[PDB]
Amino acid sequence: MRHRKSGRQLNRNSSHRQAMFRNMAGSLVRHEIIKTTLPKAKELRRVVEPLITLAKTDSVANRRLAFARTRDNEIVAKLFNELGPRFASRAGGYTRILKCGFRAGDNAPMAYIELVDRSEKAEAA
Amino acid sequence: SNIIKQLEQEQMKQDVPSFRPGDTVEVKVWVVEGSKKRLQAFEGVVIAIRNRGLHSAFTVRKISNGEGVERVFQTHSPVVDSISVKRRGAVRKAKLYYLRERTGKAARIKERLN
Amino acid sequence: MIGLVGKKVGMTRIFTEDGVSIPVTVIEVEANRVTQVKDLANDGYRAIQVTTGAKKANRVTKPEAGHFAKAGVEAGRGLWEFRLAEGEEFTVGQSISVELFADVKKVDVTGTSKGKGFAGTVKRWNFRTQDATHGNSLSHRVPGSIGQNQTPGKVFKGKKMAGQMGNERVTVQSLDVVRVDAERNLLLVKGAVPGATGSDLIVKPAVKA
Amino acid sequence: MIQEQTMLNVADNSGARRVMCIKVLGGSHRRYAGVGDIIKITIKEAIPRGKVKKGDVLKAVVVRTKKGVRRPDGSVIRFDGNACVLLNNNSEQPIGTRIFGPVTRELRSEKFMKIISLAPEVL
Amino acid sequence: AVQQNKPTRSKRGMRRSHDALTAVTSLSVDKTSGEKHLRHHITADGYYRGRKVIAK
RNA sequence: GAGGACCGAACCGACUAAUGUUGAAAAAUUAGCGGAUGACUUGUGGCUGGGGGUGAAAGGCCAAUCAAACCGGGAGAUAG
RNA sequence: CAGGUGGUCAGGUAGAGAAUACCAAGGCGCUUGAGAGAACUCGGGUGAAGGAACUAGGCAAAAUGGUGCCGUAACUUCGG
RNA sequence: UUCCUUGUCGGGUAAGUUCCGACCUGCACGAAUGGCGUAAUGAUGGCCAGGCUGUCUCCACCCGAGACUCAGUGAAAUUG
RNA sequence: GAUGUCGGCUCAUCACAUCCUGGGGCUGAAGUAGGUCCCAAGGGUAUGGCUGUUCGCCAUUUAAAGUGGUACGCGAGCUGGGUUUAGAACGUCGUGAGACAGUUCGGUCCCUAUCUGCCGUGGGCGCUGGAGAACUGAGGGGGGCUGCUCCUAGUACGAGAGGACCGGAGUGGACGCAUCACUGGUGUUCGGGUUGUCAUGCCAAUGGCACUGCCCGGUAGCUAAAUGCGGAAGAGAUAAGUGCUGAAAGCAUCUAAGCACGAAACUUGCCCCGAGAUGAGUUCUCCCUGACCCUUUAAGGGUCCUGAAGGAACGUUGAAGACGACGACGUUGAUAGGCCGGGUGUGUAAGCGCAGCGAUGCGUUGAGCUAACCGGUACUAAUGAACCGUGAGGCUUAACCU
C-alpha cells in the first residue's frame, strides 16, 4: 500500500535520488531551463523551489544551509544574488513544467522545466 | 479539521504545568475503591512526553520496592488530579529510555539549575 | 426506522467525568433532504430517497439537475434510499436532521472499507506462513495446497485465494451513540466505523437489540 | 503477556526464585496470561530450605508483567520484570506469607484479597 | 508447464483482439502558429497556448 | 629460535546454507568454512597407454569420456 | 560468458598487516531504457511481550569478537 | 554389535523410544581382519546447559532487485 | 516409450457409524453425576516431552481434544527425517565376490501455466431511440462455537454428605470483521550524537563513502500485541419424542379422518454480492421535432444540413489502484505542487560574545531545522477547442382518445 505517502522512488536507492536531485537542481539554476523526464521534473519542484524560498533571506546561516543542500558555491551565489531578489515578491511557484514529446531512445515522456521569469532580458548575463 | 479540534479543545485542561523530560514530578491520581475515592501519589522521573493536544501523554518511571515501574499518564484525563514538579533535571535528549538499563548512581540526573 | 447519510470526520476520544476514555468516531450529519418518495402504488415498495451536502452547479448533469428541480431541493453529492417502516410518513422536500437519533441508543454504520489493493492470502485470509528456514524453497508466504488429488480433479468454488481486499461495503452493528450534537450536526458513536476520513457513512438504528 | 516457557520471578517468600510457565489455564488454545491470570508453573530454582522445592508443579497468579496493564482511561502501568505468586495446586490460596514489590488493582477480587492485603504497594 | 495441444489460429486471433492500438483522438491547434500538437504539449517549433516558450 | 606448532591474508581447498537448476556458469555466485614452512603450493619441460597406466584406494582418474578411453576397421556383428 | 590464467610493480590516512575503510596516480559507471511502488520471489534493515515453545536437528539468523592487565578447573603423555 | 526392546534400575526433564551411569539375560563382543583404556586433536556422530535471537507463538513495517505498465529487441520445452 | 513412494508443513473438503454443544426415551434415574439407546453434521473439536515416525506412552490443559473418505487428500505447493543408488563400519551369513524390512555415519527434490478449474479485475456486445441516476431481489455467498461466576437458592431433592431443573445477569477463551482515538511496532523521505577517511583553499562550518557507517529518538501511512463490534432474539415447517380427541376393534389406542407441542439441523430473520435474472425487471430525470435523391420500394440506399443529452479523450490527481477500472478536480478552479500560518518531531543551530592554558562550558536560545499532517493561499500546472454520440425512435393486437 501507498496511502498518503509522497515522494517518488524513481527506481533508485535513497542516496542516488539525493545525489541526482542535487545535481539536477544545480543545473536548473545554472541554465534556468532544462529538459528531463516528466516524473523527474515533477519531483524536482519539491527540491529547487525550497532553495529559492531559502535564498530570499540572505544570511551566513542560510547560505551555509543552502550550500549543504547543493554543495556548489557558484550555485549558492546565483541563488542569493540573482534568484532571491528576482522572486522577492512571488509567493511560491517559481518553476514551470512544459510537457513536450517523447524521448527517442526509450519513449520516455519528456518535459521542460524552467524558472518563470526567464524573459527576454535574461540575455544580459 | 476544524470540527474535531473544536471538540478536543473543550475537553483539555487549562492549567497543566510545564515540565520537561528529566524532571521528577509527583502525579496525584484518583483511586476509586467503591464508595471512596482517594488521591494516590506517584513520584518519579519523566522519561517521555507525547504532545498531541488532547491526546497528550507522559510516562513517569520510579523504583518502587526494588522493582522499576513505569506509568504512562494521559495528561488531560480527569483521573490525573494534579501534577507538581519537584526538581528540574538537565538532560540532552527528549526520551530518556536509556534509564531503563541503569540503576543506583548510574541513573542519576543533574539538576537543571535554572 | 430510516437512517441518515453522514461523513466520517475522524476519530477522537471523550473523557467521562468518572475517568473513562471513550474512543469515538465523529460523523458529520448535515440536513438530509428528501428528494423522492416511493409508494406501493407507483413503485411497489415504500421508501424515501435523500440527498445531503452541496454540489457545484457546473458539476451536476441535466438529468440529475431535473431530478432535484422536481423535488425543489438543492443538489447534493449523491442519492441514497431508505426503506420506510410501517407508519413512517415523509414528504418530498422535507429536511431530516441529526436529532432523529436523539433517543436512539445503538446504531449500525455502513461504509466502504479502505482499499488494500491486491492482497496475499496471509493478509486477506489469515493463512499461516510456512517455515522461514529449515530448507524452505521460495515458499514462505505462498498458500500451499489448493485442493485434493484426482478424485475432485478441480478447485472448489469459493476457495480462499489472493485478490482484491477492502474497498467494499461493510456494516458495523450495534455501536453506542455517545452524543448527538444537533446544533453542530455532529454524531459521536463509540468505536470505529469503516472507511477513510471523509468517506460517506450510512447510519441507521440498530436492527438487532 | 505470559506464555509457555516464560520464566518468571517470584514475588513471595514461598522459597522459589525462578519458575517457568507450562500452561496458561482457562480456555482452549489460550495464548497469553496477563496480570490476574492463573498459570501452571514448574519450579526451576528454589532456596535451600523453602516451603517448595525444585521440580514441583504448582499454580501461580501473574502479578507483574513487562507488557503491563491498561487502565480504563488509557493509561498503562509497566514493570521491569514478570513476577507471579505461587498458589496451592488445588486450593488456589497463596503458599507464602509475604509479598515483595508492588502489585496492581487488577487483583482486587475476593479470590486474591489475601495478596492485596499483603502487598507493600498497590498500583 | 506447457501446452498439451497446439492452440489454433482462431484462439490466437481472439487473444489479440485487445492488442489493437488506439490512435490519438484529435490534435490541438495552436492559437498563434496554427500548428497541430498533442494537447497540453508544446508544438514542434516551441509554441504552447500561443506563446513562444522555447526559442529553438 | 625448534615445530607435518598457534591466529590469520595471498595461495590451495570445498564443511554448511541460500540462490541458480531452458543458469551469468554442462558444477558457479553470495555469506560463513579448512589448511596456510609443509605428507605445502605453483610455472615450464619430460616420462608412464587401454586388460594397460596411475591410484595416501573412491573402481578414483587417464582431454566435459571409464567395472576397461578415443578413432578407424572386421561391420550391414547378432537381436527367438 | 559473474568461471579459469604464471611472473613483476606496491603511494597517502588509520591499521600488526599485501586484512579492512576512505583516497592518490591511473582507470571506470559493467551495451536496453522509462515509469509504477500490488500479490509473490530474491537480497537486506528494524521489532512490543516471550526466548528453541520451531525443527529430524538451534538449519538459518542473532550473538561473541581488539589490546593491556588480573585471573583461570577436571584431567594430562607434564608439552598441554 | 541387543532380535525380543522404548529390557530393567538410577540420573537429567512438568513430561526423555535419544543421552549419561549401571545390571548381564552377550538373539549374534573379544584379544594384531587386535582387546580394553587414553591427554591432545576433529568443517566427525549423539546429548545437555548458559548466552543469543523473527526458528517459533504470529507475523508487522521498511529499503533495494524482479514481478506489473510503456518503448526497442526477442527465445524455449511441448503440440493427432 | 514412468501414475514420484512414508511422515511432517500449508491448505483443505465430504460422510455420520456424534467427541463437545442441542432435543429426547429407558434406567438397577433421589439430587449431583452417570449408563444406554434414538434424533441431530450448524459450529467447534489442545499445547508440549520422546521417536523419521502414523501410532503410542507421558506431562499439562479443554465444553470436547470424534471416527473415517478424499491416488493411505495435498512434492508442476514446501520439506527430505525415514524409506530405496554409489562411500564406510559393526553383528551375522558365505571359501569368496558379496548379502541381510538387521544396525550405523554420509549422501543434487527440475519445470517461465496453453486448456480445465479457482481467486480477482477489465474489454465487447446485448437488453429495441439515446443518456444520467436511484432501486427491486430471482439467485448466490458469508455467519451460526463455547467457558466461568452471580441471582433464583444452599431452595427442590437428600439420613447426611451434597446439591439442581426452568429462568435471569455479568464476565472470559477461541474465531471473524472493521479501525488507528489510545498503547505500541515500523518509519533508509525528519532531527540529533558519533568512529574512520576524503573533499569543499584553510579555520570554523558542511557534504560524500564506510550495511541507512554505526547508533539514539521520531511525523504521516501501514499495522497488532492495540480497541470497537459480531455469533442472537424472533418466526415458519419439522426430527426423535410427548400428546388431545377418536374409530376400525362395545373396550383400548398419539392416527386411520381431525387437532396441539417439539432441536445448534431445514426455510426465514443478520451481513455481503446480485437484472448477461437473455425470464436482460422497476422508478425518476434529461436530450433530439432538417431537407433531398435514388431504387428492385424496404426495419432500403445515398447526399446536403445538423451534432443535442451525454460520453470519451487529455490534463492535475486520490486514504482508488498491478494494468484497466473507480473517485475528485480542470480558471465560474483549492485537483496537485509551491507558498503562508499552525502542529508535530528533534532538542538550545550557525554566527557572535564571555569564561577557561585547553578539551569544552555559559549567554544570545526551547534555539535552529522539520517528510507524508492541519488551516489557508491561484504563485505554477490543470486551454479555446477538437472527437464520439444524432435528427422523435418496428410490427401486431387490446384497451383508451380521436
Side-chain angles (χ1 to χ4, degrees), chain A residues 1-7 9 13-14 37 39 45-46 49 60-61 64 67-68 71 90-93 95-97 105-108 116, chain B residues 55 94-95, chain C residues 11-13 21 23 36 43 45 49 58 61-64 66-67 70 79 81 113-115 117-120 128-130 132-139 141-146 148-151 154-156 159 161-164 167 169-174 190-192 194 196 208-209, chain D residues 1 3-6 22-23 26-31 40 42 57 66-67 70 74 76, chain E residues 1-7 18 25-26 28 39-40 49:
Chain A
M1 279 161 287
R2 210 216 92 263
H3 294 175
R4 314 283 276 184
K5 294 187 175 181
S6 85
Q9 176 185 337
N13 54 54
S14 184
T37 72
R45 294 175 304 174
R46 324 214 306 111
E49 309 203 321
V60 310
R64 290 184 179 185
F67 180 68
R71 300 300 303 190
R90 184 177 295 270
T95 57
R96 166 186 291 112
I97 294 168
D106 51 6
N107 198 61
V116 291
Chain B
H55 317 299
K95 304 294 157 56
Chain C
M11 291 201 62
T12 179
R13 66 162 127 195
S21 165
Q36 185 180 359
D43 313 60
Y45 74 105
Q49 183 190 58
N58 315 67
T61 73
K62 277 189 173 57
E64 308 175 319
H67 187 68
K70 171 79 168 302
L79 299 175
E81 269 189 42
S113 63
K114 309 210 301 186
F118 203 107
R128 298 318 185 193
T129 294
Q130 302 183 38
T133 53
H134 292 290
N136 186 283
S137 289
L138 320 179
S139 279
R141 300 174 67 91
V142 296
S145 190
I146 66 174
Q148 307 83 23
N149 209 313
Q150 116 167 239
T151 290
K154 68 173 177 181
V155 181
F156 288 136
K159 186 72 181 58
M161 291 178 163
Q164 167 69 27
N167 198 22
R169 176 191 179 96
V170 174
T171 294
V172 177
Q173 295 181 318
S174 303
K190 176 187 176 180
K208 293 180 180 181
Chain D
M1 200 167 181
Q3 64 186 251
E4 320 197 351
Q5 311 292 326
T6 298
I22 66 177
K23 188 68 60 180
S28 159
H29 279 276
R30 185 164 185 171
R31 295 191 180 92
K40 202 80 171 187
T42 176
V57 176
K66 290 197 60 180
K67 200 65 170 59
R70 293 268 273 158
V76 199
Chain E
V2 74
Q3 63 199 21
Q4 278 202 1
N5 299 98
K6 179 185 178 175
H18 305 282
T25 46
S26 65
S28 291
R39 182 141 273 253
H40 304 106
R49 300 179 64 175

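A note on names: the letters A, B, ... follow the listed sequences, proteins ahead of strands, and every chain is numbered from 1. Computation of the quantities below employed the complete heavy-atom set of this structure, encompassing side-chain atoms and omitting hydrogens, waters and symmetry-equivalent molecules.
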Does the ring of I/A88 sit north or south, if a positive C1'-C2'-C3'-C4' angle means north and a negative one means south?
north
Could you tell me whether G/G15 and I/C145 make a Watson-Crick or G-U wobble pair, using a cut-off of under 3.5 Å for both distances?
no
Taking any heavy-atom pair under 4.0 Å as a contact, classify C/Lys154: base, sugar-phosphate, or nothing.
sugar-phosphate
Considering only atom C1', compute the distance from I/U51 to I/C39 and round it to an integer number of Å.
44 Å
Hey, does the side chain of A/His3 reach the backbone of C/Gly115 with a donor-acceptor pair shorter than 3.5 angstrom?
yes
RNA chain G: 5'-proximal contact among A/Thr37 and C/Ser139 (nearest heavy atom):
A/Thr37
Output field: Watson-Crick/G-U pair F/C33 F/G13, thresh under 3.5 Å
yes
Given I/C135, I/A382, I/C270, the nucleotide with the shortest approach to the side chain of E/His40
I/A382
Between I/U317 and I/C271, how many Å separate the two P atoms, rounded to a whole number?
41 Å
North (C3'-endo side) or south (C2'-endo side) for I/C180 via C1'-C2'-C3'-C4':
south
Whether I/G258 stacks with I/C259 under 5.5 Å centre spacing and 30° plane angle
yes
Distance, rounded to the nearest Å, where D/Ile22 contributes CD1 and I/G48 contributes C1'
10 Å
Between I/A319, G/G50, I/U183, which nucleotide gets closest to the side-chain atoms of D/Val76?
I/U183
Which is true for D/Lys66 with a 4.0 Å heavy-atom rule: it touches a base, it touches only sugar-phosphate, or it touches nothing?
sugar-phosphate
Whether C/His67 stacks on the six-membered ring of I/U285 base, 5.5 Å and 30° limits:
no
Expected label for H/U5, using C1'-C2'-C3'-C4' where a positive value gives north and a negative one south, is south
Hey, does D/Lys67 reach any base, or is it just sugar-phosphate, or nothing, if we go heavy atoms under 4.0 Å?
base
Taking the purine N1 to pyrimidine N3 distance and the second Watson-Crick contact, or the two G-U wobble contacts, each under 3.5 Å, tell whether I/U47 pairs with I/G376.
no
Side chains of C/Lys70 and C/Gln36: closer than 4.5 Å at any heavy-atom pair?
no
Rounded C1' spacing from I/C148 to I/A174 in Å
15 Å
Counting only side-chain heavy atoms from C-beta out, which of I/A46, I/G321, I/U13 sits nearest to C/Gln148?
I/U13
Please confirm if I/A178 pairs with I/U227, counting Watson-Crick and G-U wobble geometry and requiring both distances below 3.5 Å.
yes
Once you apply the 3.5 Å cut-off to both distances, tell me the Watson-Crick or G-U wobble partner of I/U21, or none.
I/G42
Among I/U61, G/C54, I/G221, find the nucleotide with the atom closest to the side chain of C/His134.
G/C54
By nearest-heavy-atom nucleotide on RNA chain I, the more 5' of B/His55 and C/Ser174 is B/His55
With respect to the side chain of C/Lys159, which nucleotide from I/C118, I/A309, H/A77 is positioned closest?
I/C118
When you measure from the side chain of C/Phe156, which nucleotide among I/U114, I/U13, I/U47 comes out closest?
I/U13
Determine if F/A28 and its strand neighbour F/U29 meet both stacking conditions: ring centres closer than 5.5 Å and an interplanar angle below 30°.
yes
Could you state the atom-to-atom distance from NZ of A/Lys5 to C1' of G/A36 in whole Å?
14 Å
Sugar pucker assignment (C1'-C2'-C3'-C4' positive north, negative south) for I/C326
north
What's the closest nucleotide to the C/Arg141 side chain, out of I/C229, I/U227, G/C40?
G/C40
The nucleotide from I/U179, H/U78, I/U10 with an atom nearest the side chain of C/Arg128 is I/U10
What I want to check is whether I/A76 forms a Watson-Crick or wobble pair with I/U223, both distances being under 3.5 Å.
no
Across every strand shown, the nucleotide meeting Watson-Crick or G-U wobble geometry with I/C352 (both distances under 3.5 Å) is I/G363
Who is the Watson-Crick or G-U wobble partner of G/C42, with both distances under 3.5 Å?
H/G64
With a 3.5 Å cut-off on both distances, are I/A224 and I/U183 a Watson-Crick or G-U wobble pair?
yes
Any-strand Watson-Crick or G-U partner of I/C369, both distances under 3.5 Å:
I/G345
Please name the nucleotide paired to I/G123 by Watson-Crick or G-U wobble geometry with both distances under 3.5 Å, or report none.
none
Sugar-phosphate only, base, or nothing, as touched by A/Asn107 at under 4.0 Å among non-hydrogen atoms:
sugar-phosphate
What distance, rounded to whole Å, do you find between the two P atoms, one in F/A26 and one in F/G51?
34 Å
5′-ward residue of the pair C/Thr12/C/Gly163 relative to RNA chain I
C/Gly163
Nearest-0.5 Å distance that lies between atom CD in C/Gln130 and atom OG in C/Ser139
5.5 Å
I/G140 to I/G276 separation - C1' atoms, rounded to the nearest Å:
16 Å
Test for a donor-acceptor pair under 3.5 Å between the base of I/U200 and the side chain of A/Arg71, counting only N and O atoms.
yes
Would I/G48 and G/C9 count as paired if we go with Watson-Crick or G-U wobble and both distances under 3.5 Å?
no
Consider the side chain of A/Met1, meaning its heavy atoms from C-beta on, and name the nucleotide among I/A220, I/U223, G/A60 that approaches it most closely.
I/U223
Can you tell me the pairing partner of I/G196 across any strand shown, Watson-Crick or G-U wobble, with both distances under 3.5 angstrom?
I/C209
Test item: C/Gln49 side-chain N/O and C/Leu79 main-chain N/O as donor-acceptor pair under 3.5 Å:
no
Watson-Crick or G-U counterpart of I/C115, or none if no pair lies under 3.5 Å
none
Is I/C387 base-paired to I/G311, counting Watson-Crick or G-U wobble with both distances below 3.5 Å?
yes
Please work out if E/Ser28 contacts a base, only the sugar-phosphate, or nothing of the nucleic acid, heavy-atom cut-off 4.0 Å.
base
Tell me yes or no: do the six-membered rings of H/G54 and its strand neighbour H/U55 sit under 5.5 Å apart at centre, with planes under 30°?
no
Does F/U16 pair up with F/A31, Watson-Crick or G-U wobble, with both distances inside 3.5 Å?
yes
Inter-nucleotide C1' distance (H/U73, G/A38), Å rounded:
28 Å
Using atom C1' in both nucleotides, what's the gap between F/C7 and G/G11 to the nearest angstrom?
30 Å
Are I/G154 and I/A153 stacked, with six-ring centres under 5.5 Å and planes under 30°?
no
Picking from I/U206, I/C229, I/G217, which would you name as closest to the side chain of C/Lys190?
I/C229
With both distances kept under 3.5 Å, what pairs with I/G234, Watson-Crick or G-U wobble?
I/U268
Between I/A169 and I/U149, would you say there is a Watson-Crick or G-U pair if both relevant distances must stay under 3.5 Å?
yes
Rounding to the closest angstrom, what is the interatomic distance between G/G4 and G/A18 at atom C1'?
23 Å
